[PDB]
Amino acid sequence: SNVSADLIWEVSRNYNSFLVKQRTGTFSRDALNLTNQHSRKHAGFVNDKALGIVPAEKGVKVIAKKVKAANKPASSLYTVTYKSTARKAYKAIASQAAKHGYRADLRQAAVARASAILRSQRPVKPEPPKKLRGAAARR
Amino acid sequence: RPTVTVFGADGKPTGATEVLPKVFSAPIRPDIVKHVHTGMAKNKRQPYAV
Amino acid sequence: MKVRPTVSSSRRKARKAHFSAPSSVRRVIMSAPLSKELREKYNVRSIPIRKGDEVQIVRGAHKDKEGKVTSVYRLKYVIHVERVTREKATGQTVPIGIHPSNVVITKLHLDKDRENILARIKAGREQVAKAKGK
Amino acid sequence: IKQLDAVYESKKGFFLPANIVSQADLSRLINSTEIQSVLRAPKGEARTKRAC
Amino acid sequence: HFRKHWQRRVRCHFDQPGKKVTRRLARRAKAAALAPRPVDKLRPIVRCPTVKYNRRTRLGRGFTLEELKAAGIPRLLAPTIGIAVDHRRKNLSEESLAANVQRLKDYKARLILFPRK
Amino acid sequence: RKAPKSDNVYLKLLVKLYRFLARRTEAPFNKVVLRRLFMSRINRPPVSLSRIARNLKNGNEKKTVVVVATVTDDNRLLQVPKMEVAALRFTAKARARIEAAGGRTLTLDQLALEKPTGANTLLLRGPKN
RNA sequence: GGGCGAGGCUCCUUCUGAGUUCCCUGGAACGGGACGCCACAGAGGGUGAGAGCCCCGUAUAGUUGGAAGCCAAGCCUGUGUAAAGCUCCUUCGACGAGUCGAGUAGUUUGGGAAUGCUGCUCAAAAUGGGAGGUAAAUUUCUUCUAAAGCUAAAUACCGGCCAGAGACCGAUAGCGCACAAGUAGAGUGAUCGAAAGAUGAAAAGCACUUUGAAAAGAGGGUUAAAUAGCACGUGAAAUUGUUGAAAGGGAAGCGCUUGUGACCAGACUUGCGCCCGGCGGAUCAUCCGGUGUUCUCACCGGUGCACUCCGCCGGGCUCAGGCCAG
RNA sequence: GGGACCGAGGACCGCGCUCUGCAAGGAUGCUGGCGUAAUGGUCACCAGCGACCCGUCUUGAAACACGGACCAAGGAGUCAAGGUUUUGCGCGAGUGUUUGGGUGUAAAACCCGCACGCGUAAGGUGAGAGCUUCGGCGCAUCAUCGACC
RNA sequence: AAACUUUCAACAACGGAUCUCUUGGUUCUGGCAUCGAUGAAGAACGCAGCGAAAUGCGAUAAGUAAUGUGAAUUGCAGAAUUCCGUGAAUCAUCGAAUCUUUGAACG
């Protein structure tokens with residue numbers, strides 16, 4: 001045919017609605033981007049097979065692209081919410097990415113994203129009190 | 001020839017069957033689109049002069 | 001979106017017309033809404049304000065306060081409501097300029113002309129409601 | 001849809017263009033059996049150790 | 001080639017769509033006035049003059065007197081029923097005579113006349 | 001040249017494919033094809049059906065003529081023979097006449113599929129002058 | 001052939017949708033959040049800050065009255081041996097003069113067959129005159145009627161009555177003029193010709209007291225703000241005053257590198273993993289059904305019954321953690 | 001034997017050796033003080049060393065000469081027509097809709113009739129890129145002998 | 001040491017840059033055709049309760065008549081309007097008038 005992931009990357013490597021560009025790096029807001037980095041490896045909306053992990057109320061919601069439904073966005077994403085154990089989410093996410101050959105190159109990134117989201121959901125420590133120095137301290 | 005489904009007023013499929021009209025298979029050329037769009041967006045302007 | 005070529009979307013011309021409008025156009029501009037009771041009594045939404053009207057101030061620093069209109073000062077697009085005043089340095093009270101879009105009419109000064117205005121507005125509204133309904 | 005097909009047939013002096021490539025999936029094009037079968041053995045790895 | 005003052009004699013066509021709209025509105029003004037009637041007059045078929053263009057025909061100014069007579073359309077009535085008349089042109093050939101009388105017969109066959117008042 | 005002057009995404013895809021082929025094959029065919037893809041339009045003159053027909057008039061029938069150019073139709077030919085032509089772009093009349101003669105239109109990615117080393121391929125260039 | 005003529009078209013006018021519902025900030029919601037509504041109307045503007053629904057308007061169909069032009073269904077009449085078109089023919093058929101043209105001078109044109117025009121001199125014709133075609137054998141042929149006149153449309157437009165717009169300019173810009181600008185002013189005169197916008201939502205433009213001759217100052221007061229006082233939005237630099245710190249034997253300023261004094265941005269505040277006990281809970285493994293899926297991986301619900309999971313606490317240990325060094 | 005400066009890289013791969021390991025393809029181990037203005041940085045001044053006032057113009061170069069009281073704002077290779085080189089794009093012996101006409105949600109976008117502009121209506125010898133069934137085929141183009149107008 | 005010259009900072013001055021705004025300009029497009037002896041364009045002098053300019057008007061003079069709208073003007077002062085009315089208004093429209101001296105200017 002005329003269209004492919006390669007064609008889409010050709011069209012969209014220089015500009016996206018998801019593309020945010022600053023001096024220290026180029027990022028992507030795409031939900032199917034496991035590292036929020038602009039690259040063909042991580043361009044989820046570009047690649048035919050892609051993964052995306054988003055926070056849930058308690059756990060992680062993992063979306064994956066269905067290759068037989070690219071023409072149907074409302075039914076194009078296999079969504080599973082993993083709200084059990086941290087170790088069990090990692091097991092399931094790493095299987096969804098590496099057992100049957102759907103993005104084993106993104107296995108590590110997916111597991112890391114799940115871990116980061118769970119750590120974010122973990123309760124947060126109070127701040128240490130601020131200590132003044134020198135002129136401000138004596139003031 | 002591929003097929004597209006027709007949707008009713010309620011959002012559910014009606015069962016109708018339609019074939020892609022052979023134009024959705026045309027090449028996608030962002031450079032040509034850029035050139036044509038640049039010209040065709042200048043084609044609306046009103047003159048100004050001191 | 002505008003369709004008729006006679007009307008213009010020019011900010012410059014619109015502001016010029018608003019700020020150089022004569023007194024009758026200023027009256028039409030300083031039209032004010034009616035209360036709900038008057039709304040279901042007359043089938044009229046808004047009417048130009050006049051000197052004998054009783055209004056309720058519902059916007060501005062004066063929260064929800066009522067009073068009779070004292071003067072419609074068409075020159076600077078303000079009306080004066082009775083007992084809504086501020087004291088100067090000397091202690092003399094001066095009325096506060098309030099806007100008809102900020103006031104709402106509670107009791108309406110009635111005469112033949114305003115009865116005719118209400119009848120015309122009601123007739124148009126009911127004709128269009130009947131046309132839309134059937 | 002009907003009239004889209006009709007109007008693109010009715011355009012005069014214009015036909016639907018033919019692309020310069022037939023398969024746009026370079027992954028299939030390269031990792032196809034023909035290319036890999038006629039292909040030469042790799043001369044190195046992506047990240048190569050530095051000797052001296 | 002700017003030895004003269006083209007700057008004071010230069011013209012731009014920024015009103016091309018405006019004049020197109022104006023001309024279209026003029027054609028509708030004619031058809032509002034001459035509502036059941038065509039907005040033009042029937043013009044004859046004439047062969048182009050020179051050797052370069054004599055292989056083609058175009059529309060001429062008006063029909064000749066004797067070709068109107070052969071078609072059976074009276075002279076004083078033709079401009080009234082919407083046929084252009086050219087008293088300067090001579091047929092000089094049975095070919096042109098026959099082509100134009102056939103055209104007038106087709107006009108006759110496709111015309112509708114209303115009975116005066 | 002490292003990057004093509006063209007903005008065509010499909011020519012860029014062909015450049016990537018034939019770059020991989022030139023790097024991973026011993027084929028001077030692939031190397032020359034990549035070079036001719038990098039060169040510009042004025043250096044890729046059209047090749048005519050007449051030129052191809054007289055380049056197959058000898059014992060080179062039943063072959064794949066590869067031209068990295070646009071193939072043009074020649075009205076001076078009353079008859080077109082059967083022929084396996086691959087090129088960047090064809091004219092409508094060139095496609096029609098080749099397909100009526102009984103040949104098949106081929107693209108460069110297809111030629112990479114069937115003939116990734118340039119076997120039984122007649123590589124042709126158009127008139128520069 | 002005439003005269004009335006309902007009615008119609010054009011243009012002005014009358015009238016026609018929906019939140020000021022609840023909470024927060026605010027001097028003031030037109031801002032944020034919640035819940036609704038209208039939409040052939042989410043153009044624009046005003047209103048104490050970004051308003052489709054507060055107001056004017058905006059979209060479409062109608063509707064109220066008026067103005068002048070044109071068309072006009074019909075209805076009254078018509079008249080006179082009145083006018084008109086065509087046809088045929090043993091009858092006729094008048095067409096522009098000091099104008100053409102010739103010579104000459106000037107001017108003009110791509111145009112000495114003078115391209116046109118004007119002036120001077122001479123000054124026409126009637127199967128005539130003008131312009132072309134042409135070696136074709138003689139000036140054959142072709143095509144038109146000048147010296148009298150009228151005429152809408154397609155065409156131009158820095159001016160007139162308006163109207164709508166812009167990838168224009170934004171107060172040293174844009175017209176010279178956003179202002180009592182062709183003004184003040186200059187020149188005998190013809191003419192030349194500037195500079196100059198912004199308090200505040202609302203003047204609410206500071207009552208009263210006191211010092212001062214007064215101008216003003218200080219209290220006090222208005223305001224969200226006087227760090228907005230009609231020398232008024234914001235308020236740079238050049239230049240200046242006061243205070244703070246410092247340097248300075250006939251230049252200062254600048255580069256590299258310390259030192260003193262003053263003043264500061266970081267980094268760290270512990271993270272991870274094992275051994276114990278106390279717990280407290282909910283998603284230990286396996287199996288059963290449904291669903292989803294990459295067809296072998298998951299998800300629920302049951303099962304699990306707490307030497308298995310998951311979080312906390314009271315302890316112990318490992319590793320990794322900032323700066324300067326031996 | 002004594003001293004100085006440096007520690008680039010970041011799983012394994014290799015060359016080796018004195019091979020239970022190693023000084024062999026780049027620094028580790030142990031320990032102390034402090035954990036804050038302590039290191040570090042910015043300003044001002046002192047100190048040692050260094051150091052012509054910028055631009056223009058002329059000349060082989062200098063010197064002369066010219067401009068420079070300071071600050072804010074403004075300020076100088078633009079637009080059009082006609083040629084021409086290269087690059088990108090579409091169609092390609094053809095190409096160019098926008099004179100004009102037909103639609104239009106109306107200066108947009110979409111469509112098009114007849115013209116018109118520009119262009120178009122045979123080899124041998126030897127090389128030669130690239131193919132080969134390894135017997136040879138032979139693009140473009142070149143040198144010579146050619147063939148025709 | 002102070003003073004003076006110079007450097008840096010804080011605040012206060014001078015000046016009006018920057019930002020923001022704009023009843024203005026500039027350019028294009030569209031409908032229409034209308035000055036004057038029935039006295040034009042222009043110039044002058046008058047007219048408001050309190051006005052110099054701008055604006056309006058002409059001894060009927062910041063204006064009269066008529067039509068429409070429908071309750072004002074506004075800086076102050078004084079009158080209104082009965083509001084169940086031939087009727088406020090620096091209102092709008094506009095078909096009737098008034099219209100000083102000149103200026104083509106005409107005893």
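Atom set for the values below is all heavy atoms of this structure, side chains included, hydrogens, waters and symmetry mates excluded. In what follows, every chain begins at residue 1, and chains take the letters A, B, ... in the order their sequences are listed.
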**Student:** Using the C1'-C2'-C3'-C4' sign, is G/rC263 on the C3'-endo (north) or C2'-endo (south) side?
**Tutor:** north
**Student:** What about C/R50, does its side chain sit under 3.5 Å from the base of I/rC83 through a donor-acceptor pair?
**Tutor:** yes
**Student:** Counting only Watson-Crick pairs (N1-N3 plus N6-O4 or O6-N4) and G-U wobbles (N1-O2, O6-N3), all under 3.5 Å, who is the partner of G/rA237?
**Tutor:** none
**Student:** Taking only side-chain nitrogens and oxygens of C/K88, does any of them come within less than 4.0 Å of OP1 or OP2 of G/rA204?
**Tutor:** yes
**Student:** Does H/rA23 count as syn, meaning its glycosidic angle lies within 90° of 0, or as anti?
**Tutor:** syn
**Student:** With both distances kept under 3.5 Å, what pairs with H/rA27, Watson-Crick or G-U wobble?
**Tutor:** none
**Student:** Starting the side chain at C-beta, find the nucleotide from H/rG102, I/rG70, I/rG30 nearest to E/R27.
**Tutor:** H/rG102
**Student:** Using the side-chain heavy atoms of F/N120, tell me which of these nucleotides is nearest: H/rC112, H/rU133, H/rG92.
**Tutor:** H/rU133
**Student:** Is any N or O donor-acceptor pair between the side chain of F/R89 and the base of H/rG90 shorter than 3.5 Å?
**Tutor:** no
**Student:** Kindly say whether, by distance alone, the side chain of A/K99 makes a donor-acceptor pair under 3.5 Å with the base of G/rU294?
**Tutor:** no
**Student:** Return yes if the base of H/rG14 and the side-chain atoms of D/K49 contain a donor-acceptor N/O pair under 3.5 Å, otherwise no.
**Tutor:** no
**Student:** Which part of the nucleic acid, if any, lies within contact of F/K63, taking any heavy atom under 4.0 Å across all strands shown: a base, the sugar-phosphate backbone alone, or nothing?
**Tutor:** nothing
